[PDB]
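Residue numbers (this note's numbering), protein chains in the order written: chain A, 1 to 120; chain D, 121 to 220; chain U, 221 to 398; chain P, 399 to 630; chain L, 631 to 681.
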RNA sequence: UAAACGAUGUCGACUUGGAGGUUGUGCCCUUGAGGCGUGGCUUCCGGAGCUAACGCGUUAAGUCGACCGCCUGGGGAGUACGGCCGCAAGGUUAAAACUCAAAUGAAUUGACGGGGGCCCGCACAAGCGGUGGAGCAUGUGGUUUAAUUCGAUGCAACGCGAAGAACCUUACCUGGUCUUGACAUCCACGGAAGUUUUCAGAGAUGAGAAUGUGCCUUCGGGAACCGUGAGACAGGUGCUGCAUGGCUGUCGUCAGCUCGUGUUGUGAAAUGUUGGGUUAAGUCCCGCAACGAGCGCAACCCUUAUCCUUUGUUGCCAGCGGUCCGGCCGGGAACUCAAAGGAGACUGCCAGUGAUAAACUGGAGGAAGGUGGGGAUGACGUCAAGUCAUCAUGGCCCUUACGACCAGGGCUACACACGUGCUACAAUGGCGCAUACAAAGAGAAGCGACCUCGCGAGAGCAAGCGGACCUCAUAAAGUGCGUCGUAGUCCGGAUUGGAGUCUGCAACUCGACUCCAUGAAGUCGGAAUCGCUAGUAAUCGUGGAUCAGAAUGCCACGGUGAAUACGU
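See the structure below:
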């Protein structure tokens, strides 16, 4: 955005522009993440089985929504579900976020008040 | 390597000066066209045996750095292999890769 | 091999007439790079033609290059224990250049005292379709009519088009077995 | 075993030469052979110091040595006497009387040749060499630079075969024509014959230490440059 | 390019020599003095003979 | 009898199931060889367990259950032997001495497939030209004498290391000559070294004459340098490239190679490095337990092109003056022109295609649109590639020598074969007479104005040079007119005789240049045999590194300059 690598040949700038684009699309909504996350959110296991495997070895509590060919096995809470129908998977996702997030809104104000007793 | 090609290079310079200096134009003066009805006398051209080693015809030199035979270059005092070796480490002034 | 199709340099209408048919000709008339000699010969031929008929200087030149023309070439592409042959159609740029080459192959042994007379005279012959490359055009078509039986790796190739989710007819395109 | 030597191709652009003189063709060989003799016989005299490079220059009637060192004092010695004994014997060697300056000291812990001298020294003393090449790379990248390649030769452990090993890490470009990149091929001895270490170490892709001039002829030098336009 | 044999591959080197003239239409003696007092180069040879 | 089997001994009991192939039978819109209900064999899939691995998985090769058959390394031997059976080969249970350190179940990756298929390089194709056949030139083997020295031999060697072989040089061979040494350091003894010069000797080498007495000095004597003599040592083309170091070649611009790290396997190792889309490329979009990154490729880089620009001579002269209309000069910058600031071109714009995408093609100005043309430019590495001979160097030998000077001979010999390039076989040309414009560089062993001599070339003399000044240099093919027809000619000119010229003691075999006369091989070469995508291939001349005197080679430069790249 400064204009900094676009000099010399078009090749040296473009092979960076195109890679910046591949990274930007892949990482844009996870970019600030400072460390291994506190829980794991599965809406479908069909290609992402590995994310569940690794999370369990790192000792993270697992929250799953598993499809019909997936197994219910080896996680901390499961919802048995199915992977088809774009109207179903949308409703499963709207529901999960509310319970964690407005519990969280209340938590943040509480935490300042908890922390302040120490410094008093 | 051989000591004989180094021994040669040292021997020629006192003998260039000793035989050759008096003899410089003497091939032209006593023998060639400048001897038109003048000189042409054997007894003053039997004297070119002495400059025989000190001759322009034996300034083939070969390397000064190593004394190494065959493939010589006067402009380095070197040969093919030995030029390239000094050039790799940047020892020769002005020498660069050629592109055009 | 070869990722995509590549084109070719282009020769440019001659400075004395403005003709592409001359400009392609002067090039197959070239001996030891010497195209400015092959120019004097081409244009001195055209004035000799104009003396047989003054109605066009390019008249017998242009029609010779229609009449002695090859359309076809023969290719080889193995079938098992035997190689056989398959005719293939030649591209216009090489159809023209084969036909001009053959007029000039004959003209340089014709023994007339100048290549300008020799060449003009071998255009008189091939213009009426009576000359030296009439047999050479016929022989090349005889091979294409005789060898219409065989195809390029014929036993496996007939399965391969229908099996590569290609069509039920011989695919002229990269990564089908041809 | 492919490739032209890496520093051999850079000497016309943005790297200066190992020697800088002019001798007008006919005397060019007698001057290179003297420049070679002063290089060969001088590095033996400063054996007791540490040195990374030598750059020899022949102005008129004078030979000027520039020398590159691990630290400013080492060649200088006690009351300037040590460097005055260098300049005395370069004058004896050379076909002219001699001058000497010490350069600025730069990256002595990272230099190609002071690392390759260190790795050969292990081989000279017949150590098992189990970790040596890796610990070379580790310490060289711990002290600086952006990539290192090490290649070790000499019939390792004393074998009756050739037996190599090598290790590259980070970035080491190979065909580069711009910036310095520091390479040294050491040759050194042990009990069974010659052993040797090759050290490519890499500081940067851009060095400005030689570049083409800023300006066209007209704005550089004299304000009044203009000619009469005839009047012979 | 190799030490021995391997005939095909070779190496090619160039050396240029650049000549500049200036062309002082009249040089003052104070220019010739300054050239000669301030001399120390190896990278350029200056030729002070004429032609 | 065997390959008598889910590549399960038998049967039996127990163990989440779903579905197929397909079948009794209740029920369905009797709405997939369909579903449910309730049985079926038979089988795929996968969870527990089990395996070395494939594999099994509810019909086990799981969990076990009972009982029988049978094994105890390979080879030799599934035979021998004994009992029994079979016209009869055979069948049945089933072996040792002896030899041997392995044989055998499974998996990874390479190379490979003639199993299937994709992809790349001028690798073929699509052609074109050269070589193999001729001559010369030059190299290799065969072969030869005193000796014709070697290094190197599928594409990596045969015009290569070994760029200029009468001696020398130059590996060799012969004849001459001495041993610290024809080159350094050091000592003992004589001479200064250096120069000029007679004579013996081939010359090396020695004696003698004549010039000189420098350098340092208890003023003995010595260094430098030589003669003479020892050692330490110099010297060694002295051997080993499974003993090496340094360095580079091959494939190949192959289009790939690897590091950190996770997971899957018991691990060797995979995966990523492979797919879809796109490129010159592992280039780049999408993306699977592979993630992140680096090397090569990419880049900086020179060089050139037009084109803007400044310099203005050893560069230039649209115009104007003196004037034969010559930059010679009053004078000019318009002008190439030289080297340098650089400018232009970025799949960037715009259009179409392409999965959003890289990218290919079109459109427009311009010398030019496909990162402008050209080059630099080759990952890591088997190849036991190749150098001990640039040079380092251990192991390891002579050092009155495995050293070195001087002369003569030699590679280039000659019997041929084989490799390569030149020049030719034609007429695109040769011949005669007339006629034209270069580029780039080289020139203190060197070239050289002027000069006079010469038949062109050249020559000796010499001011001189630093090369935008002067010279090599007369650039050639090409241009003009007439002439010639496959006959070795009107092409090609080797051979050889003779004269004029050159560098050198010396030009016979092994040197150069000019020129007169005659004059052979060769009519585009079977086997064989290569580079090439466009300033390329082809073809012509020129210059140069080396270089006493040798260029067909090599190296760079400029003239004229092609077929096609469909297809794998």
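Beta carbons: idealized from backbone N, C-alpha and C, even for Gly.
With at least 16 other beta carbons inside 10 angstroms of its own, residue 215 of chain D counts as buried.
In the three-state reduction of the DSSP assignment, residue 466 of chain P falls in the strand class. Note that the segment 581-591 of chain P does not touch the segment 533-545 of chain P; fewer than 3 beta-carbon pairs, one per stretch, sit closer than 8 Å. Here residue 418 of chain P carries a strand assignment [DSSP, helix/strand/coil]. Collapsing the DSSP output to three states places residue 435 of chain P in a helix.
For residue 499 of chain P, the number of other beta carbons within 10 angstroms of its own is below 16, and it is reported as exposed. It is roughly 22 Å from the alpha-carbon of residue 247 of chain U to the alpha-carbon of residue 345 of chain U.
A Cβ of chain D is located within less than 8 Å of the beta carbon of residue 633 of chain L.
In the three-state reduction of the DSSP assignment, residue 549 of chain P falls in the strand class.
Under DSSP, residue 580 of chain P forms a beta bridge with P/599.
Scanning chain P for C-beta atoms nearer than 9 Å to the C-beta of residue 191 of chain D yields nothing, as the closest lies near 15 Å away. For residue 583 of chain P, the nearest beta carbon of chain L is not closer than 8 Å to its own beta carbon. Residue state for residue 499 of chain P is assigned as strand, using DSSP reduced to three classes.
Taking C-beta atoms as the reference points, residue 306 of chain U and residue 361 of chain U fail to come closer than 8 Å. Listed along chain P is no residue with a C-beta nearer than 7 Å to that of residue 188 of chain D; the closest approach is about 13 Å.
Put simply, the CB of residue 207 of chain D is near chain P, with a gap under 8 Å to one of its CB atoms. By alpha-carbon distance to residue 249 of chain U, the top candidate from U/243, U/258, U/242, U/241 is U/258. At least one CB atom of chain P sits nearer than 8 Å to the CB of residue 672 of chain L.
A Cβ-Cβ distance of about 3 Å is found for the pair residue 210 of chain D and residue 416 of chain P, placing them in contact under the 8 Å criterion. Considering only beta carbons, no part of the segment 562-574 of chain P lies closer than 9 Å to chain D. With respect to the 8 Å criterion, residue 605 of chain P and residue 577 of chain P are classified as neighbours on the basis of their beta carbons.
Interface flag for residue 663 of chain L against chain P is unset, since no Cβ pair is found closer than 8 Å. Among the residues facing chain P, residue 675 of chain L is included, as its CB has a counterpart in that chain under 8 Å away. Under the DSSP assignment, residue 661 of chain L falls outside any beta strand (DSSP E), being part of the alpha helix (DSSP H) whose first and last residues are 659-668. Using a 10 angstroms sphere on the CB of residue 509 of chain P, the tally of other CB atoms reaches 16 or more, which defines it as buried. Under the 10 Å beta carbon count, residue 204 of chain D is surrounded by 16 or more other beta carbons and is classified as buried. Residue state for residue 178 of chain D is assigned as helix, using DSSP reduced to three classes.
Distance from the CA atom of residue 438 of chain P to the CA atom of residue 534 of chain P, rounded to whole angstroms, is 28 Å. For residue 216 of chain D, the neighbours in chain P by C-beta distance under 7 Å run, in chain order, 409, 410. For residue 127 of chain D, the enclosing alpha helix (DSSP H) covers residues 123-135. Sixteen is the threshold: when 16 or more other Cβ atoms of the shown chains lie within 10 Å of the Cβ of residue 70 of chain A, as they do, the residue is buried. With respect to the 8 Å criterion, residue 427 of chain P and residue 194 of chain D are classified as neighbours on the basis of their beta carbons. Interface residue (Cβ-Cβ distance to chain D less than 8 Å): residue 405 of chain P is classified as such.
Taking a cut-off of 8 Å on C-beta distances, the segment 448-468 of chain P touches the segment 493-507 of chain P, as three or more cross pairs fall below it. The beta-carbon of residue 204 of chain D is placed less than 8 Å from the nearest beta-carbon of chain L. Between residue 129 of chain D and residue 181 of chain D, the CB-CB gap stays under 8 Å.
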